[PDB]
Amino acid sequence: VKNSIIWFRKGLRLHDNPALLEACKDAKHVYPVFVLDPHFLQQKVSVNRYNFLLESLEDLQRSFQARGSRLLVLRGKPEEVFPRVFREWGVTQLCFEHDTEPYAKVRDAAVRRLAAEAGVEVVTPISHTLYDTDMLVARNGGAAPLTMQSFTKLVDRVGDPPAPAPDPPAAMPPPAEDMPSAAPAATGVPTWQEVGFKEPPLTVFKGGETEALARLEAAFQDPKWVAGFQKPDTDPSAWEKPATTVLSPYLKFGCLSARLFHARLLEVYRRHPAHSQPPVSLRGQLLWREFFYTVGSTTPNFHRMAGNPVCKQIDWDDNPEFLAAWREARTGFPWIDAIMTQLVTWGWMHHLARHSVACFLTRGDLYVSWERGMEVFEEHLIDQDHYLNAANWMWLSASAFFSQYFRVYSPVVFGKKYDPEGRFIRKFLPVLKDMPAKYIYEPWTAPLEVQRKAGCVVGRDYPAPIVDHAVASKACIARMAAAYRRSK
Ligand SMILES: Cc1cc2nc3c(=O)[nH]c(=O)nc-3n(C[C@H](O)[C@H](O)[C@H](O)COP(=O)(O)OP(=O)(O)OC[C@H]3O[C@@H](n4cnc5c(N)ncnc54)[C@H](O)[C@@H]3O)c2cc1C
Ligand SMILES: [Cl-]
């Protein structure tokens, strides 16, 4: 008889899940599995992101229970767990969604070898990306496009991505009873307290497929907003109602299918002939993700500077004091510090808020390596995504993809154009809540009488600025110019 495992890693959803559909086909028993390394922390990861994963697993558990089944959260390393459960459960087929990250390729090769030793068929459909990204490279002559313009031309020659797969059946084949490795007490979803976090998550975005689909429907309630979306024109200071979809955490974990999102976009576009086009359109945003997955997966050492063939070698400074001030939201520039507080509190900030703080750290003011900023984002972002974090940090530091290092955002002026009253600053830096708007982006310029009346004395309640932007940005531009000459 057929006994199958559907192994979740990403792809934390029932919709558009061809791996799950294959596992269920003609099966007597299906074992839905997630493998949790219970020593992960004792090795880097904020409770915000880890709890988002746990909420996503709890949602899957509820969905499987509604269909007569159960999610099994196995503790250990895949290479140690799977040989045991292959034999225990009489497994004949293992299904999982393909993953192109570096660690995944090593892990999955090991599991494939073990499956073959046990006589287990392995099925690995592509559904985390819009397309088979190896197919895109092949149809481009064997190399990934290195500009968005050429990437968009390639996908348009290839055509539409595959349609989302059908929903799974209303009843699933359950795990077999009295299998020791499937014991309830050994296979439940843990809480954040149980995995060892001491402080609670503070983010406002809840994990899981159910929430992902609800947020998708909310975005599409206004088709004119979807059709006319232009990413560069959206407001980074909007926090009560964010100005973009905030689907990124859901896409990162696969709670939302990218193919479903794309299909829904095309439905709207067919009815709105003046809809925006790539790169600025909402379809364009999914193509930025696809572009960076395609380049990233075919480039060695993509997450590093040294040994990375697409990355310019730049003389970044090893300045721990500047990195600490940035990481701890005590730069003395309220726009920067508010965004860095949103990072640690919510784990998500608007794209142009990410631009502001990444420019400041690297080529704009402090001249610290983008790899250090990437590490801080990797800890705190609930949408942390290996290829997308690396690629956008290389863009913002003018190390790859982007080369216009004379464009430097002002940490004072940039936010003021959207939010002159500083509502965003006041929300995330309440020490400044009573500062008059005239000084809230530049509090060190307020007279002492004003600082005292506001209960915010610079140097006592809120730090002085760690640099003078005019001085620092001129120095950084000169160094970038010199670095660009050296790589001639
Ligand atoms: C320094 C830096 C680091 C970043 N790190 C990450 C990261 O770890 N994870 C991440 O998902 N995005 C990252 N981004 C890209 C981008 O800022 C986010 O995808 C975006 O803020 C998510 O908001 P949203 O879902 O509302 O996006 P929308 O504008 O609604 O876009 C829809 C989807 O398109 C994709 N997308 C949008 N913008 C980009 C982009 N510039 N690059 C790649 N894909 C994009 C995402 O999957 C996103 O959910 C980073 C950008 C910068 C400047
Ligand atoms: Cl600016």
Side-chain angles (χ1 to χ4, degrees), residues 49 128-130 148 151 205 212 215-216 218-220 225-226 229-236 238-239 241-258 261-262 264-265 276 278-296 303 335 339-340 342-343 346-365 370-397 399 401-402 406-418 441 469 473:
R49 187 164 74 263
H128 184 63
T129 48
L130 295 172
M148 181 71 165
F151 181 82
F205 303 107
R215 188 154 204 106
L216 178 74
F220 279 76
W225 179 87
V226 169
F229 182 96
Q230 290 194 48
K231 179 61 159 278
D233 295 332
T234 56
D235 181 352
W239 60 270
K241 166 70 167 307
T244 53
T245 67
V246 199
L247 287 169
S248 60
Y250 303 96
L251 285 161
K252 173 277 196 299
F253 283 103
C255 302
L256 179 65
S257 162
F261 192 176
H262 198 273
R264 292 287 295 271
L265 288 168
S276 55
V280 299
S281 67
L282 246 190
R283 172 174 175 256
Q285 304 312 294
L286 292 177
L287 293 176
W288 282 112
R289 171 180 187 264
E290 197 81 3
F291 172 58
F292 291 141
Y293 265 77
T294 301
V295 184
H303 59 293
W335 180 245
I339 297 167
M340 293 301 292
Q342 186 180 38
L343 173 67
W346 285 14
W348 181 95
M349 319 91 90
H350 184 273
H351 185 63
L352 289 176
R354 305 193 201 197
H355 270 236
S356 282
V357 297
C359 186
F360 184 88
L361 178 71
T362 61
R363 62 176 183 84
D365 291 83
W370 60 266
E371 296 187 65
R372 302 291 83 78
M374 189 181 62
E375 290 160 356
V376 170
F377 275 24
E378 180 165 328
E379 172 171 357
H380 295 291
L381 286 172
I382 57 170
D383 59 20
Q384 90 79 23
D385 181 296
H386 180 83
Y387 289 129
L388 308 189
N389 197 11
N392 277 278
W393 273 102
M394 284 189 282
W395 186 294
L396 258 294
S397 65
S399 297
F401 307 117
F402 176 87
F406 290 107
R407 177 70 184 104
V408 172
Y409 305 118
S410 168
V412 173
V413 173
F414 184 80
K416 197 194 278 235
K417 95 168 62 67
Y418 301 95
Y441 287 86
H469 175 66
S473 64

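For the numbers below, each heavy atom of this structure counts, side chains included, while hydrogens, waters and symmetry mates do not. All residue numbers in this chain count up from 1 along the given sequence. Indexing begins at 1, ligand by ligand and atom by atom, following the structure's order.
Around atom 11 (O) of ligand 1, the closest heavy atom drawn from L381, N389, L388 belongs to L388. Taking all heavy atoms of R354, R289, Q285 into account, the minimum distance to atom 12 (N) of ligand 1 is reached by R354. For the residues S248, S356, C359, the heavy atom positioned nearest atom 19 (O) of ligand 1 is part of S248.
Set against the non-hydrogen atoms of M349, the atoms of ligand 1 under 4.0 Å away are 21 (O). Close approach of ligand 1 to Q384 (heavy-atom distance below 4.0 Å) involves ligand atoms 8 (O). Ligand 1 places these atoms under 4.0 Å from at least one heavy atom of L396: 53 (C). Per-residue contacts place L286 under 4.0 angstrom from the following atoms of ligand 1 (heavy atoms of the residue considered): 34 (O).
Taking any N or O of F377, backbone or side chain, none lies under 3.5 Å from an N or O belonging to ligand 1. In terms of polar-atom proximity, defined here as any N/O pair under 3.5 Å, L247 does make such a contact with ligand 1. Geometrically, ligand 1 and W288 share no nitrogen or oxygen pair separated by less than 3.5 Å. Taking distance alone, with nitrogen or oxygen atoms compared against 3.5 Å, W393 stays at or beyond that limit from ligand 1. Any N or O atom pair closer than 3.5 Å counts here, and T245 shares at least one such pair with ligand 1. Among the atoms of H355, none of the N or O lies under 3.5 angstrom from an N or O of ligand 1.
No side-chain donor-acceptor contact under 3.5 Å links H351 and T244.
For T234, no heavy-atom contact with ligand 1 is shorter than 4.0 Å. Residue-level proximity to ligand 1 for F229 is carried by the side chain, the only part with a heavy atom below 4.0 angstrom. The proximity of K231 to ligand 1, defined as any non-hydrogen pair under 4.0 Å, is limited to the side chain. Contact annotation: for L251 versus ligand 1, heavy atoms closer than 4.0 Å belong to the side chain alone.
Counting heavy atoms from C-beta outward, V280 and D233 have side chains that stay 4.5 Å or more apart.
Not a single heavy atom of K252 sits closer than 4.0 Å to an atom of ligand 1. Not a single heavy atom of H386 sits closer than 4.0 Å to an atom of ligand 1. Note on ligand 1: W395 sits outside its first shell, no heavy atom being nearer than 4.0 Å.
A cation-pi geometry, defined here as NZ or CZ lying under 6.0 Å from the six-membered ring centre and within 45° of its normal, does not hold between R215 and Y250.
Nearest protein neighbour of atom 23 (O) of ligand 1, counting heavy atoms only, is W348 NE1, 3.4 Å. Nearest protein heavy-atom neighbour of atom 52 (C) of ligand 1: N392 CB, 3.3 Å. Among all non-hydrogen protein atoms, the one lying nearest atom 41 (N) of ligand 1 is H351 CE1, 3.2 Å. Here the protein heavy atom with the shortest distance to atom 9 (N) of ligand 1 is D383 O, 2.8 Å. Among all non-hydrogen protein atoms, the one lying nearest atom 8 (O) of ligand 1 is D385 N, 3.1 Å.
Under a cut-off of 6.0 angstrom, the local environment of NZ in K417 is crowded, with over 12 non-hydrogen atoms contributed by other residues, nucleotides or ligands.
Taking the six-membered ring where the residue is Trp, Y441 and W335 present tilted rings, their angle falling between 30° and 60°. Ring planes of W395 and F402: parallel class, angle under 30° (limits at 30 and 60°). Using cut-offs of 30° and 60° on the angle between ring planes, the pair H386 and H303 is tilted.
To the nearest 0.5 Å, the span separating CZ on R283 from OG on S276 amounts to 10.5 Å. Rounding to the nearest 0.5 Å places OG of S257 at 11.5 Å from CZ of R264. In this structure, CG in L352 is found 6.5 Å from OH in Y409, a value given to the nearest 0.5 Å. Atom CD of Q230 sits about 11.0 Å away from atom CG of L282, to the nearest 0.5 Å. For the atom pair OG1 of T362 and CE of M394, the computed distance is 12.5 Å after rounding to the nearest 0.5 Å.
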Kindly determine whether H469 and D365 satisfy side-chain hydrogen bond (donor to acceptor under 3.5 Å, both in side chains), including the steps that lead there. CA-CA 7 Å; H469 175 66; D365 291 83; 2.6 Å; yes
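For the ring-ring contact (aromatic ring centres under 6.0 Å, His included) criterion with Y293, the lone passing option out of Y387, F151, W288 is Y387.
In terms of modelled atom types and a separation under 3.5 Å, the side chain of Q285 and the main chain of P279 share a donor-acceptor contact.
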